[PDB]
Amino acid sequence: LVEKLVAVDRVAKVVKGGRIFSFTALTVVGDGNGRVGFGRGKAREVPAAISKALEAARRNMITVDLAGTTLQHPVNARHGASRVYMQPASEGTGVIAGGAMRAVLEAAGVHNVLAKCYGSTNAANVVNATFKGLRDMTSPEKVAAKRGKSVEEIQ
RNA sequence: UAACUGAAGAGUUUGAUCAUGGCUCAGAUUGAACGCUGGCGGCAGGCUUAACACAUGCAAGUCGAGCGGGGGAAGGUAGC
């Protein structure tokens, strides 16, 4: 099970006579063959936050249907102010995307894809948008089943 | 046979946060200039500014089988 750590940030909370500092961690876990999830964790120390984030990522998982090593069709997704566009590519292209998208795509098992961010580049929001798009991608068999047709009829 | 296949972000407003929004950076390119340094070859390029003023040399001649004159070389013949 491959695990990636997207970002680590230090946050502060104000009390009388000083401030309390903490750490947040965003991580993405996956199997490399269509199962992927992400999570966040808050702690006083960085390793504890990473462990909690990994546990949350393992608890929140979905299944993604791929076409070999690439996407089925172009995808547009959004979450808040972050918008993402993803497009299938031919073999040998690679993963042409930013780090936040790259982590999710590589954990989910995509090898050739072109991706682009618009709007805000906040890591959590970008991961959310990419996750939603991968969740909502469809497939010819599902399309044929829903329309009451055959795969060769659908083309 | 073939004539196309293509898109990455980062820093900075606050005691944290999300958004909006400017500024800055990572690329490619040049008829370039400057600083330090400097062996060779091939192929290219070389006043972007004053359509400012120009010394000097060259950059449009050729035809005697169109024509009349006129020159200077030799040769031959004569004499002394």
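Letters A, B, ... are given to chains in the order of the sequence lines, protein chains preceding strands, and every chain is numbered from 1.
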Discussion item. For the adjacent pair B:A65/B:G66, please state whether the pyrimidine-type six-membered rings satisfy a centroid distance under 5.5 angstrom and an interplanar angle under 30 degrees.
Written reply: no

Item to complete: Pick the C1' atom in B:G27 and in B:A8, then give their distance to the nearest Å.
Response: 12 Å

Worksheet item: For B:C40, is chi within 90° of 0 (syn) or not (anti)?
Response: anti

Worksheet item: Hey, any chance A:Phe38 and A:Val8 share a hydrophobic cluster, counting ILVMFWY side chains that come within less than 4.5 Å of each other, even indirectly?
Response: no

Worksheet item: Base, sugar-phosphate, or nothing: which does A:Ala115 touch, judged by heavy atoms less than 4.0 Å apart?
Response: sugar-phosphate

Discussion item. If I pick the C1' atom on B:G41 and the same atom on B:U49, what distance separates them, to the nearest angstrom?
Written reply: 36 Å

Worksheet entry | Six-membered ring stacking of B:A44 and B:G45, under 5.5 Å, under 30° | yes

Discussion item. Surrounding CG of A:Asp9 (heavy atoms of other residues, nucleotides or ligands, distance under 6.0 Å), is the total greater than 12?
Written reply: yes

Worksheet item: Are A:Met101 and A:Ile96 connected in the hydrophobic side-chain network, where two residues link if heavy atoms are under 4.5 Å apart?
Response: no

Discussion item. Using whole Å, what does the distance between atom P of nucleotide B:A7 and atom CE of A:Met86 come to?
Written reply: 17 Å

Discussion item. Suppose you measure atom P in B:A28 against the same atom in B:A7; what distance do you get, rounded to whole Å?
Written reply: 15 Å

Discussion item. I'd like to know if A:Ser90 reaches the base of B:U5 with its side chain, counting only an N/O donor and acceptor under 3.5 Å.
Written reply: yes

Worksheet item: Can you find a donor-acceptor N/O pair under 3.5 angstrom joining the side chain of A:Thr121 to the base of B:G9?
Response: no

Discussion item. Taking the 3.5 Å cut-off for both atom pairs, check whether B:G9 pairs with B:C25 as Watson-Crick or wobble.
Written reply: yes

Discussion item. Just the rounded figure in Å: distance from P of B:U14 to CZ of A:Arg10.
Written reply: 16 Å

Worksheet item: Taking the side chain from A:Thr70 and the backbone from A:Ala67, do they hold a donor-acceptor pair closer than 3.5 Å?
Response: no

Worksheet item: With both atom distances required to be under 3.5 Å, do B:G22 and B:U12 make a Watson-Crick or G-U wobble pair?
Response: yes

Worksheet item: How is the sugar of B:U48 puckered by the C1'-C2'-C3'-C4' sign, north or south?
Response: south

Discussion item. Whether the side chain of A:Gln87 engages the backbone of A:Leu114 through a donor-acceptor N/O pair (distance < 3.5 Å, no angle test) should be reported.
Written reply: no

Worksheet item: Is B:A28 stacked onto B:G27, using centres under 5.5 Å and an interplanar angle under 30°?
Response: yes

Worksheet item: Measuring from A:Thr69:OG1 to A:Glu91:CD, what's the distance to the nearest 0.5 Å?
Response: 4.5 Å

Fill in: Rounded distance in Å between the P positions of B:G31 and B:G46
10 Å

Practice prompt. Quote, to the nearest angstrom, the P distance that separates B:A53 from B:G66.
Written response: 48 Å

Discussion item. Looking only at the side chain of A:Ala12 (C-beta and beyond, no hydrogens), which of the listed nucleotides B:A7, B:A19, B:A16 gets closest?
Written reply: B:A16

Fill in: Stacking of B:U30 on B:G31, centroid gap under 5.5 Å, tilt under 30°
no

Worksheet, complete the sentence: Torsion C1'-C2'-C3'-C4' of B:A60 sorts its sugar, positive to north and negative to south, as south

Fill in: Most 5' of A:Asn125 and A:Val14 on RNA chain B, judged by nearest nucleotide
A:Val14

Practice prompt. For B:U13 and B:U20, measure between their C1' atoms and round to the nearest Å.
Written response: 12 Å

Worksheet item: Do the six-ring planes of B:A8 and B:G9 sit under 30° apart with centres under 5.5 Å?
Response: no

Worksheet item: Which way does the sugar of B:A7 pucker, north or south, judged by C1'-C2'-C3'-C4'?
Response: south

Worksheet item: Just how far, in rounded Å, is P of B:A10 from CG of A:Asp9?
Response: 12 Å

Worksheet item: With both distances kept under 3.5 Å, what pairs with B:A16, Watson-Crick or G-U wobble?
Response: none

Discussion item. Let's see if you can work this out: which of B:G15, B:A19, B:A7 has an atom nearest to the side-chain heavy atoms of A:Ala81?
Written reply: B:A19

Fill in: Closest to the A:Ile96 side chain, choosing from B:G6, B:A8, B:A16
B:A8

Discussion item. With the 90 degree cut-off around zero defining syn, does B:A16 come out syn or anti?
Written reply: syn

Item to complete: Take atom P in B:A44 and the same atom in B:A60, then report the distance between them in whole Å.
Response: 27 Å

Practice prompt. Dump the intermediate steps for salt bridge (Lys or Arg N to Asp or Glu O under 4.0 Å) on A:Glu55 and A:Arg58, then the final yes or no.
Written response: CA-CA 5 Å; A:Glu55 184 37 38; A:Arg58 255 147 30 201; 2.3 Å; yes

Discussion item. If you only use heavy atoms from C-beta on, which nucleotide in B:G9, B:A16, B:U20 is closest to the side chain of A:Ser120?
Written reply: B:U20

Worksheet entry | Outcome for B:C23 when its sugar is typed by the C1'-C2'-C3'-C4' torsion | north

Item to complete: Please state how far atom CZ in A:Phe23 lies from atom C1' in B:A16, giving the value in whole angstrom units.
Response: 13 Å

Practice prompt. Could you tell me whether A:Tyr85 contacts a base, only the sugar-phosphate backbone, or nothing, with contacts defined as non-hydrogen atoms closer than 4.0 Å?
Written response: base

Worksheet, complete the sentence: Glycosidic torsion of B:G31 (syn if within 90° of 0, anti otherwise) classifies it as anti

Worksheet item: Judged by atom type as modelled, is there a donor-acceptor pair below 3.5 Å linking the side chain of A:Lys116 to the main-chain atoms of A:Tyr85?
Response: no

Worksheet item: RNA chain B: A:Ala97 or A:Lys13, which has the more 5' nearest nucleotide?
Response: A:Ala97

Worksheet item: Under 3.5 Å, is there a donor-acceptor pair between the side chain of A:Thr24 and the main chain of A:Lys42?
Response: no

Worksheet item: Just how far, in rounded Å, is P of B:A8 from CG of A:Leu105?
Response: 14 Å

Discussion item. Taking the sign of the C1'-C2'-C3'-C4' torsion, positive for north and negative for south, which way does the sugar of B:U20 pucker?
Written reply: north

Practice prompt. Specify the glycosidic conformation (syn or anti) of B:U48, with syn defined as within 90° of 0.
Written response: syn

Worksheet item: Starting at CG of A:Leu71 and ending at P of B:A7, how long is that distance when rounded to a whole Å?
Response: 15 Å

Worksheet, complete the sentence: Considering only heavy side-chain atoms of A:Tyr118, the closest of B:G9, B:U20, B:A7 is B:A7

Worksheet item: Picking from B:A8, B:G6, B:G15, which would you name as closest to the side chain of A:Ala89?
Response: B:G6

Fill in: Atom pair distance, as rounded to whole Å: CD in A:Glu91 and P in B:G6
16 Å

Worksheet item: If we take the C1' atom in both B:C18 and B:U14, what is their distance in whole Å?
Response: 12 Å

Worksheet entry | Atom pair distance, as rounded to whole Å: CG in A:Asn122 and P in B:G11 | 12 Å

